[PDB]
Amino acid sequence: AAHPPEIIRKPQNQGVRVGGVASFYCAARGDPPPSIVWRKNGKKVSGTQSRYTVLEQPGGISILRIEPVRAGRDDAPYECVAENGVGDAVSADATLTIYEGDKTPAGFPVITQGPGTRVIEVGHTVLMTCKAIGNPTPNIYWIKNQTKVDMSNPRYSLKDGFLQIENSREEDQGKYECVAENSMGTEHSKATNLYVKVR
C-alpha cells in the first residue's frame, strides 16, 4: 500500500435559503487511506460549533452539514483536505451562497409539500411525500438521519417524488427528509420521524 491522497469527489457550490440546511460532500482515496479535514475560510472547522457537523461515511466520504444556515456567518469557502502521510495533501473547496428573504435565483427549488411523521405496522408499506418544483426541474432524494437513503435497497423506491418503503421493518425507523436539488439551489424539507410498531 503506497499511494498519495486523491480527491475523487470535490465539493460543489451551494445556494441555500437562510435558516436552511447546507451540505458539502468530499471523497478521497490513497494508500493508506486519507483523513479528511474541513476548513472554513482556512480555519479548521470547530469541534465546538453546534451548527456544523461532520459525518464520515464509508467509501471515503466526508460530509459537512450546516444547520441552520446563518446569513452572515456562513457565507464562506469550505475546503476539504485529505492527507495520508504520502506526498502532498490534496484540497478542494466550494462556496456557499445564502439567500435572504425571497431574493432567490429564479427557479430555486421549492418544496410544496413535505413528509409528515408516521407510525407504521411492521409488514406494511408507507408512502412519504416530497412535492417540489423548480426550473430546471429538481432531482429529488431522501435522507435518513442525515445520511442518504440507499435506493439500492430492494424495498425502497420513489413513486412521484414520494418515497415508498415496502415490507416495513424496524430498521426503517428514522428521521427522514427530502431534498430538491437544482442548478440554482438546494432545499431540504423539515425532518420528521417514521416509527414502526409491532403486532
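Start at 1 and count along the sequence shown; that's the residue number.
- The stretch with the higher mean CA B factor, choosing between 125-133 and 84-92, is 84-92.
- When 63-71 is weighed against 29-37, 29-37 comes out higher, by mean CA B-factor as recorded in the entry.
- Based on the entry's C-alpha B-factors, the most elevated value among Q164, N145, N153, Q57 belongs to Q57.
- Sorting the modelled residues of the chain by their CA temperature factor places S157 in the lowest third.
- Ranked by C-alpha B-factor against the other modelled residues of its chain, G116 falls in the middle third.
- The entry lists a Cα temperature factor for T48 that places it in the highest third of the chain's modelled residues.
- Among all modelled residues in this chain, the alpha-carbon of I7 has a temperature factor (C-alpha) in the middle third.
- Ranked within its chain, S183 lands in the middle third, by CA B factor from the PDB record.
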